[PDB]
Amino acid sequence: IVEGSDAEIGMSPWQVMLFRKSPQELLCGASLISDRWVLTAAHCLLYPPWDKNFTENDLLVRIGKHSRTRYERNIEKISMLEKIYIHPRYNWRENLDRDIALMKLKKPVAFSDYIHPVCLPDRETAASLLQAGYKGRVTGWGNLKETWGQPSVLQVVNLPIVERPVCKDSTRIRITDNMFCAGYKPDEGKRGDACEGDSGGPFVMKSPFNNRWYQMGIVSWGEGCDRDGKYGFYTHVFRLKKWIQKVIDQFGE
Amino acid sequence: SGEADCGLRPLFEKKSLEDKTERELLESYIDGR
Amino acid sequence: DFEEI
Numbered sequence: 203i204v205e206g207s208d209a210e211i212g213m214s215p216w217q218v219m220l221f222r223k224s225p226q227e228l229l230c231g232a233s234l235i236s237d238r239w240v241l242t243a244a245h246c247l248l249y250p251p252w253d254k255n256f257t258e259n260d261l262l263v264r265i266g267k268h269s270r271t272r273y274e275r276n277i278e279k280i281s282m283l284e285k286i287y288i289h290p291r292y293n294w295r296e297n298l299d300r301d302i303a304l305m306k307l308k309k310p311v312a313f314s315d316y317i318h319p320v321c322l323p324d325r326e327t328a329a330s331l332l333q334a335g336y337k338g339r340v341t342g343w344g345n346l347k348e349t350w351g352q353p354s355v356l357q358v359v360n361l362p363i364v365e366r367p368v369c370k371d372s373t374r375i376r377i378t379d380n381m382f383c384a385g386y387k388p389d390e391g392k393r394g395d396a397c398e399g400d401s402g403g404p405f406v407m408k409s410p411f412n413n414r415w416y417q418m419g420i421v422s423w424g425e426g427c428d429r430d431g432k433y434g435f436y437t438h439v440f441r442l443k444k445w446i447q448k449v450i451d452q453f454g455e
Numbered sequence: 018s019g020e021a022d023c024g025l026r027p028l029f030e031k032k033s034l035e036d037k038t039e040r041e042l043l044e045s046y047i048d049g050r
Numbered sequence: 002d003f004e005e006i
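Quick note, the sequences are listed as chains A, B and C, same order.
Those letters in the first sequence? Residues 203 to 455, per the working numbering, in order.
Those letters in the second sequence? Residues 18 to 50, per the working numbering, in order.
Those letters in the third sequence? Residues 2 to 6, per the working numbering, in order.
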């Protein structure tokens, strides 16, 4: 996160840390959608051009974290993945089209004041809040600078959804209906963005109708971090909802 | 649309406490509920 | 960087 702020305690209880067993390292963000399911960007697991292809094995999930680095002695819960499921038509070859994946925890995790699942939007919910101008919230432990550190604590930023045309005109990469971009316009003089190391984290919105937090997007890709005339791109969760319903109903909690 | 008790934070919604920047989100949804 | 887990 660039131009963000430290998260408050218990501000984003569904935030999950994708952690590398060895070398022990922070891979990506993720999110808790129930006591046995985690949502992340498919590219955090599999990305052939960079020779990345992680297994259930190579991984650990840290839930209830605040501090990026310290082992949060009686607050965080670490888990093991029983299974990994990637979107069959995830396009790593060209544009990260359908940058989504589900992780099913070996064993169910218990809710506490620091660990709580985020809701998935319904058609109605998606419709009314996914509008250019409406502000969403992004969290991560990613780059603070495009290039310049790494935060001590979970960072947060509120960013407005941007109309598709502007999205499209900001890059040479091909956008699809499963993506949405967000950030401020250079004129709007207000800044901020997600950045490398922020992927798989959640883009969330609080419904004004029932005042529940919903996950609308997944941090996916960008060009640089916080540059004028550029936007962050997010996986369109509502759009991949059927796929999600499907794996959960097929082999899960 | 999520879990069940999904999206209600134990330290915020649940005790009726608002986070320091949630109001910014709400006013953009051309001011909340 | 990381602390012992």
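Ideal Cβ positions, reconstructed from N, Cα and C, are used throughout, including at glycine.
Let me see if you follow: with CB-CB separation under 8 Å, is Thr341 of chain A close to chain C or not?
Chain C contact via Cβ: absent.
Rounding to the nearest angstrom, what Cα-Cα distance links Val355 of chain A and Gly206 of chain A in this structure?
Going from the Cα of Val355 of chain A to the Cα of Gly206 of chain A covers about 11 Å.
Measuring only the C-alpha atoms, how far is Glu274 of chain A from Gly402 of chain A?
For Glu274 of chain A and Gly402 of chain A, the distance between alpha carbons rounds to 21 Å.
Quick check: is the beta carbon of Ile203 of chain A nearer than 8 Å to any beta carbon in chain C?
Cβ-Cβ to chain C under 8 Å: no for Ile203 of chain A.
Are the beta-carbon atoms of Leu361 of chain A and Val439 of chain A separated by less than 8 Å?
The answer is no: Cβ separation not under 8 Å.
To be precise: take each residue of the stretch 415-436 of chain A, compare its Cβ to all Cβ atoms of chain C, and keep it if any distance is under 7 Å. Which residues remain?
Answer in chain order: no residues at all.
Can the beta-carbon of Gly24 of chain B be found closer than 8 Å to that of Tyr416 of chain A?
Contact: yes.
Going straight from the alpha carbon of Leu234 of chain A to that of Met418 of chain A, what length do you get?
So the alpha carbons of these two residues sit roughly 13 Å apart.
Could you tell me if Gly424 of chain A is buried or exposed, where buried requires 16 or more neighbouring beta carbons within 10 angstroms of its beta carbon?
So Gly424 of chain A counts as buried.
Taking the alpha-carbon of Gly351 of chain A as reference, which of A:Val364, A:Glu398, A:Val340 and A:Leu247 has the nearest alpha-carbon?
Nearest C-alpha to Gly351 of chain A: A:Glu398.
Are any of the Cβ atoms in chain C nearer than 8 Å to that of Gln357 of chain A?
Not an interface residue.
Hey, could you find the ends of the beta strand (DSSP E) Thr437 of chain A is sitting in?
From DSSP, the beta strand (DSSP E) with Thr437 of chain A extends over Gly434 to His438.
Could you spell out the range, first to last residue, of the alpha helix (DSSP H) harbouring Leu28 of chain B?
Unbroken run through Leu28 of chain B: none, as it is neither H nor E.
Is any beta-carbon of chain A found at less than 8 Å from that of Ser33 of chain B?
Not an interface residue.
So, for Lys408 of chain A: in the same chain, excluding its five sequence neighbours on each side, which residues have a beta-carbon less than 6 Å away from its beta-carbon?
If we look at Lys408 of chain A and ignore the five residues flanking it on each side, its Cβ neighbours are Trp415.
Where residue 177 of chain A and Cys230 of chain A are concerned, what is the direct C-alpha to C-alpha distance, given to the nearest angstrom?
Chain A is shown only over 203 to 455; residue 177 of chain A falls outside these bounds and no answer can be derived.
Per DSSP, what are the beta-bridge partners of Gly231 of chain A in this structure?
DSSP, once it has assigned bridges, lists A:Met219 as partnering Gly231 of chain A.
Once you ignore the five residues that flank residue 52 of chain B on each side, which residues in its own chain have a CB closer than 8 Å to its CB?
The structure shown has nothing for residue 52 of chain B, since chain B only spans 18 to 50.
Considering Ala396 of chain A, what are the terminal residues of the alpha helix (DSSP H) in which it resides?
Where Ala396 of chain A is concerned, there is no enclosing alpha helix (DSSP H), given that its DSSP letter is neither H nor E.
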